[PDB]
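Presented below is the structure to which this report refers.
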Amino acid sequence: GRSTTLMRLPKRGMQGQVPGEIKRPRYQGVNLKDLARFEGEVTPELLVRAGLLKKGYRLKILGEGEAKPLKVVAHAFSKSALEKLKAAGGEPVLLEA
Amino acid sequence: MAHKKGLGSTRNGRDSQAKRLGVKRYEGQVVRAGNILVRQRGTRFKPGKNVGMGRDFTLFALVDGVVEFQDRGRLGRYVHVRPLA
Amino acid sequence: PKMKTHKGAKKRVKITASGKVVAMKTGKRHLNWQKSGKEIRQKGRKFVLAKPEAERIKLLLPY
Amino acid sequence: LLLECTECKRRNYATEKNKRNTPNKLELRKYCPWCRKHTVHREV
RNA sequence: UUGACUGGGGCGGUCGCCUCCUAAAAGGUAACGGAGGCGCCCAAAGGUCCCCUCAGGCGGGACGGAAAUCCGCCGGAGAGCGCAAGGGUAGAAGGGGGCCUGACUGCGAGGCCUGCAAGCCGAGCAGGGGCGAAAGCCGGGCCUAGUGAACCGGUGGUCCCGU
RNA sequence: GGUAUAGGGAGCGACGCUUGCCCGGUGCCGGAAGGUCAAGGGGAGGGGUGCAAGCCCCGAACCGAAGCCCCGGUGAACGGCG
RNA sequence: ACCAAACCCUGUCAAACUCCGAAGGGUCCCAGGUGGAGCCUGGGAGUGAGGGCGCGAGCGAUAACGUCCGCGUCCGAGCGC
RNA sequence: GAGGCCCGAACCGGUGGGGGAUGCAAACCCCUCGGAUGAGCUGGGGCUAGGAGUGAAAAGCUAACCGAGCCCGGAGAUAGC
RNA sequence: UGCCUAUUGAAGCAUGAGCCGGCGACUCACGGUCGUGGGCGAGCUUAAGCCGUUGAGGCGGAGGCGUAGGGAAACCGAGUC
RNA sequence: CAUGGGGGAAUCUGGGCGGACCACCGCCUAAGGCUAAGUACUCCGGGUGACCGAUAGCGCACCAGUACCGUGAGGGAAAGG
RNA sequence: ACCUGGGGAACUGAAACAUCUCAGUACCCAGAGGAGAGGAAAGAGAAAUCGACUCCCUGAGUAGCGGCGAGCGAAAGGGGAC
């Protein structure tokens with residue numbers, strides 16, 4: 001009947017306006033150390049239906065391991081993720097529709 | 001009843017909380033840098049080799065080593081850290 | 001039935017990964033305490049020992 | 001008085017504390033800004 | 001809705017913080033036990049460099065108490081240290097002077113204390129400064145009181161969000 | 001199915017002799033002035049947008065009741081009477 | 001005539017006096033010590049109403065099966081022998 | 001031959017005392033008391049209700065416990081006891 | 001020096017019980033957290049519903065955990081603030 | 001989106017909406033009405049039960065919403081071989 | 001019993017209590033019927049999108065609401081029934 005610890009201040013700012021959440025594009029992350037798991041042409045859909053994603057939306061690759069050559073489509077890559085497979089791979093990307 | 005009529009001139013209920021002072025690291029104790037060695041009222045223990053004190057006279061080690069105390073009478077009591085090998 | 005998550009707790013604490021409860025520092029909240037002291041500086045985030053075991057249990061679903 | 005020093009022609013604050021009646025007014029003094037290094041910082 | 005403590009309750013007193021004592025030679029330690037403070041203050045009462053050393057007592061000196069100001073010996077601290085008490089202190093933390101504004105920004109190893117959350121000390125690195133020839137010292141004040149979680153708002157500022 | 005020689009409320013309580021002083025404070029009554037005052041009237045002036053006309057917003061003067069302040073009466077009004 | 005300042009003796013007193021100062025207590029190191037010992041993480045608790053006795057101190061009246069603390073112990077839970 | 005006149009039955013009431021106290025009785029009995037043409041007593045038929053009624057006013061009465069009736073429901077109220 | 005309960009402390013002159021026989025109190029639902037017995041494992045798993053059964057079980061991937069974290073956020077990413 | 005009060009239009013160069021307000025971009029046609037099914041319930045009929053078996057199961061296994069209680073609303077048994 | 005409408009509590013919870021909660025629940029009233037209600041977009045909301053309504057499973061204790069306390073809590077979209 002003291003104070004709990006509802007004493008700690010809610011820093012969590014930028015939190016909840018009113019109409020609600022803001023429909024914004026989410027990006028699911030997936031390392032290529034879990035990607036090289038197979039080969040050929042790896043692109044969204046090809047994932048979800050397996051491994052990670054599931055309508056998780058945007059597919060941004062990145063990660064540890066060492067992916068092998070195989071044009072890999074995506075929505076985003078890391079300044080690392082790119083260079084990493086730059087050794088041999090793919091630069092598929094964005095959309096225009 | 002057989003009641004009385006007591007009262008209180010009490011004008012003394014009071015005191016500050018303990019501040020726990022003293023030699024926190026006696027001589028011979030291996031210590032890392034920063035370990036405050038002594039919490040003192042005034043300069044009850046002067047800082048020696050490899051020992052510095054701050055605002056509240058709190059003495060603390062400046063290196064890693066063993067603590068050694070020393071009397072200097074007219075000079076005072078010192079505390080310091082001797083490194084090692 | 002389906003415990004409801006405790007909003008307030010959610011509004012003020014972020015639980016890391018290894019299972020640590022972390023929140024801000026009481027004291028500086030827009031001072032209101034006032035005129036500095038180089039103390040204001042020392043205000044990042046922190047680990048709430050033993051009281052998080054409880055803190056945590058209030059976010060059973062929100063995770 | 002709860003004083004603070006406004007670096008002339010910019011922002012920042014130092015959050016000092018004067019003594020008014022006790023000879024004050026026109027407080028200002030070389031402080032270090034966050035927007036590059038020093039200026040003087042006035043009152044307000 | 002109209003509090004709690006309380007050698008029944010009411011009345012009375014009190015309610016947080018600092019300092020002695022109680023406290024039994026580490027800490028810590030109760031009682032409506034003994035005894036006092038705080039809810040501020042310094043733009044110099046803060047930095048640094050350079051100088052000086054007190055209070056008293058004893059003579060001697062126009063006005064001049066029994067200390068106005070001078071001179072001479074003696075006087076290790078009984079003065080001073082903004083305000084309570086305590087600890088500390090002249091091999092200065094005291095008195096005066098010149099330049100200053102570190103009463104900085106980013107941080108923070110390692111500890112003290114501790115149920116929590118709070119409080120306290122802090123070397124060192126970076127930046128850009130002060131004082132000093134220099135070694136160096138400087139993130140307020142001889143040190144401990146001078147303070148109040150959150151929530152709700154107010155003023156500014158800005159890399160952020162903005163259905 | 002009444003009309004101030006009546007109705008309602010209050011206090012005192014047949015009858016006799018009487019019922020002093022105090023309107024500072026409270027209440028009530030009286031005061032077409034002033035003071036303050038909410039909607040609303042009013043729009044000086046400013047802001048958001050557009051290419052624009054515009055559409056939208058905040059908003060000062062000033063005009064604005066009862067109440068209160070203020071001025072005054074009042075004790076078989078609450079009360080008070082060294 | 002010490003009515004009486006300091007000052008010197010002769011005698012003393014003090015929780016909030018100390019020139020001095022034990023026993024003892026605290027901690028670190030090296031050793032001993034295999035214990036219903038320890039240390040780390042996690043599940044479940046109950047307790048938060050104590051009491052007597054001895055020793056050390058307050059309050060009391062150098063009273064109380066009084067009252068508060070401190071170290072220890074036993075009862076509590078060993079009203080079993 | 002008047003009267004909120006007097007004594008005193010009926011009738012209405014309930015002063016003091018005794019008894020009664022698992023009663024004859026959940027308020028009674030005996031003696032003794034007050035009123036008794038009046039603001040009287042009484043039959044029958046009607047009306048007023050739960051924060052409401054009624055009240056010559058005790059917070060009295062409102063179907064044998066009324067500082068807020070009874071019944072059912074909210075309802076397994078809540079109970080740090 | 002009974003039993004139970006409550007207690008610092010009960011045979012206790014503290015609570016409860018006349019005696020017996022029946023009734024009589026830690027449950028279930030949904031979330032969650034540890035532990036544990038199993039299936040499967042970078043994967044694991046189905047809801048509602050459709051099909052069979054008439055005490056046959058199938059099917060059903062919408063969805064849900066998990067595979068990356070930091071940061072209020074933009075954002076970045078084995079990093080990040 | 002509804003609407004008590006005041007003001008009070010337009011008919012596709014019309015009018016509403018996409019979270020204050022503008023501007024873009026896009027959605028929809030207010031101030032008249034009807035409309036199966038899939039859904040809910042269990043007085044009633046049937047079928048099952050790791051449901052009860054007469055202090056249980058319904059308040060009623062029986063001549064029970066009875067006897068009895070209460071002015072009333074209402075309360076409400078026992079009893080099977 | 002179930003349903004729609006019109007009215008509509010308190011106890012409790014917040015370890016007091018007034019916002020809030022319980023709760024549009026209990027109850028009262030009108031009406032409907034084997035059901036009642038709703039129902040063919042002046043809709044939804046970001047999708048070159050969807051296409052009456054109702055019911056179930058998700059979405060989701062999310063978005064949000066809240067003396068930002070106690071506590072309350074969607075919708076779109078996706079599966080189904082029809």
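Just remember, in the structure tokens the first chain shown is A, the second B, etc., residues are 1-based per chain, and ligands are 1-based in the order shown.
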Chain B contacts to chain G at 9 Å (only C-alpha atoms (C1' of nucleotides)) as a PyMOL selection string: chain B and resi 24-30
Can you list, as a PyMOL selection string, every protein, DNA or RNA residue that comes within 9 Å of residue 20 in chain C when you count only C-alpha atoms (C1' of nucleotides), leaving out same-chain residues fewer than 5 positions away? chain C and resi 14-15+47-49+52-53+56
Next, the residues of the selection above should be written as a compact mmCIF listing (two decimals), in the first residue's frame with C-alpha atoms.
# COMPACT_ATOMS: atom_id res chain seq x y z
CA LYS C 14 11.77 -2.93 -21.67
CA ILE C 15 12.75 -6.55 -21.01
CA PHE C 47 18.80 -3.51 -14.27
CA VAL C 48 16.12 -3.99 -11.60
CA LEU C 49 17.43 -6.93 -9.53
CA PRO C 52 11.97 -7.94 -12.12
CA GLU C 53 11.03 -11.54 -11.40
CA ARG C 56 8.24 -9.69 -15.67
Please, which residues in chain D fall within 9 Å of chain E when counting only C-alpha atoms (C1' of nucleotides), and what is the closest atom pair and distance in Å to one decimal for each, ordered by chain then residue number, as a Markdown table?
| residue | atom | partner | partner_atom | distance |
| --- | --- | --- | --- | --- |
| D:11 | CA | E:157 | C1' | 6.5 |
| D:12 | CA | E:157 | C1' | 7.7 |
| D:16 | CA | E:103 | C1' | 7.1 |
| D:17 | CA | E:103 | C1' | 8.7 |
| D:18 | CA | E:43 | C1' | 6.6 |
| D:19 | CA | E:43 | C1' | 7.7 |
| D:23 | CA | E:43 | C1' | 8.0 |
| D:24 | CA | E:43 | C1' | 7.2 |
| D:27 | CA | E:43 | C1' | 7.9 |
| D:29 | CA | E:101 | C1' | 6.7 |
| D:30 | CA | E:101 | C1' | 6.7 |
| D:31 | CA | E:104 | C1' | 6.4 |
| D:32 | CA | E:104 | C1' | 5.9 |
| D:33 | CA | E:105 | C1' | 7.1 |
| D:34 | CA | E:105 | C1' | 6.5 |
| D:36 | CA | E:128 | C1' | 8.7 |
| D:37 | CA | E:128 | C1' | 5.6 |
| D:38 | CA | E:128 | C1' | 7.1 |
Export of the given selection (N, CA and C atoms) as an mmCIF file, in the first residue's frame:
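Result went into selection23.cif, see below:
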data_model
loop_
_atom_site.group_PDB
_atom_site.id
_atom_site.type_symbol
_atom_site.label_atom_id
_atom_site.label_comp_id
_atom_site.auth_asym_id
_atom_site.auth_seq_id
_atom_site.Cartn_x
_atom_site.Cartn_y
_atom_site.Cartn_z
ATOM 1 N N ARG D 11 21.093 27.898 -28.804
ATOM 2 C CA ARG D 11 20.394 27.273 -27.678
ATOM 3 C C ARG D 11 21.333 26.921 -26.520
ATOM 4 N N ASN D 12 21.125 25.746 -25.923
ATOM 5 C CA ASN D 12 21.941 25.273 -24.801
ATOM 6 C C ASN D 12 21.621 26.026 -23.511
ATOM 7 N N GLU D 16 22.525 27.598 -13.973
ATOM 8 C CA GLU D 16 23.210 28.134 -12.797
ATOM 9 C C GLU D 16 22.253 28.546 -11.686
ATOM 10 N N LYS D 17 22.625 29.587 -10.947
ATOM 11 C CA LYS D 17 21.804 30.069 -9.841
ATOM 12 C C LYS D 17 22.433 31.331 -9.232
ATOM 13 N N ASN D 18 21.871 32.505 -9.534
ATOM 14 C CA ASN D 18 22.399 33.772 -9.011
ATOM 15 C C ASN D 18 21.884 34.125 -7.618
ATOM 16 N N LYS D 19 22.070 35.385 -7.216
ATOM 17 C CA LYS D 19 21.629 35.857 -5.901
ATOM 18 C C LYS D 19 20.936 37.224 -5.917
ATOM 19 N N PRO D 23 24.112 41.827 -5.364
ATOM 20 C CA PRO D 23 24.731 42.156 -6.648
ATOM 21 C C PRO D 23 24.625 41.092 -7.748
ATOM 22 N N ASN D 24 23.662 41.290 -8.646
ATOM 23 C CA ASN D 24 23.422 40.379 -9.760
ATOM 24 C C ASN D 24 23.097 41.172 -11.031
ATOM 25 N N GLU D 27 24.312 38.495 -15.812
ATOM 26 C CA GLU D 27 25.131 37.311 -15.602
ATOM 27 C C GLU D 27 25.520 36.780 -16.979
ATOM 28 N N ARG D 29 29.071 34.233 -18.756
ATOM 29 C CA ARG D 29 30.453 33.805 -18.603
ATOM 30 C C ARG D 29 30.850 32.582 -19.408
ATOM 31 N N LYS D 30 32.044 32.678 -19.997
ATOM 32 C CA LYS D 30 32.635 31.642 -20.837
ATOM 33 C C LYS D 30 32.325 30.213 -20.386
ATOM 34 N N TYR D 31 31.446 29.556 -21.138
ATOM 35 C CA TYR D 31 31.009 28.181 -20.881
ATOM 36 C C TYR D 31 31.244 27.413 -22.189
ATOM 37 N N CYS D 32 31.151 26.089 -22.156
ATOM 38 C CA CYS D 32 31.364 25.291 -23.365
ATOM 39 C C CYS D 32 30.069 24.790 -23.993
ATOM 40 N N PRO D 33 29.803 25.178 -25.253
ATOM 41 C CA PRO D 33 28.588 24.753 -25.954
ATOM 42 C C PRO D 33 28.711 23.347 -26.531
ATOM 43 N N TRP D 34 27.578 22.803 -26.963
ATOM 44 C CA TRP D 34 27.526 21.468 -27.548
ATOM 45 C C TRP D 34 27.650 21.637 -29.064
ATOM 46 N N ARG D 36 29.659 22.895 -31.318
ATOM 47 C CA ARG D 36 31.047 23.310 -31.489
ATOM 48 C C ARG D 36 31.552 23.882 -30.169
ATOM 49 N N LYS D 37 32.861 24.091 -30.065
ATOM 50 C CA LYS D 37 33.446 24.601 -28.830
ATOM 51 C C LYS D 37 33.594 26.115 -28.722
ATOM 52 N N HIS D 38 33.698 26.585 -27.481
ATOM 53 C CA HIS D 38 33.850 28.005 -27.183
ATOM 54 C C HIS D 38 35.299 28.444 -27.383
#
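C1' of residue 79 in chain H is positioned 12.4 Å from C1' of residue 15 in chain K.
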So that I can check the surroundings of range 9-23 of chain J, please list as an MDAnalysis selection string every protein, DNA and RNA residue that reaches within 9 Å of it, counting only C-alpha atoms (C1' of nucleotides) and ignoring chain neighbours fewer than 4 positions away. (chainID A and resid 18:19) or (chainID E and resid 163) or (chainID F and resid 48:50 55:57) or (chainID J and resid 27:30) or (chainID K and resid 42 45)
All residues 10 Å or closer to residue 10 in chain C, only C-alpha atoms (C1' of nucleotides), same chain fewer than 3 positions away omitted, as a PyMOL selection string: (chain A and resi 10+12) or (chain C and resi 5-7+13-15+55-56+58-59+62-63)
Distance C1' of residue 46 in chain I-CA of residue 51 in chain A, one decimal place? 18.0 Å
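Here the question is which of A:68, A:86, A:75, A:49 gets nearest to chain I using only C-alpha atoms (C1' of nucleotides), and that residue is A:49.
Nearest residue to chain I, choosing from A:64, A:45, A:39, A:21 and counting only C-alpha atoms (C1' of nucleotides): A:64.
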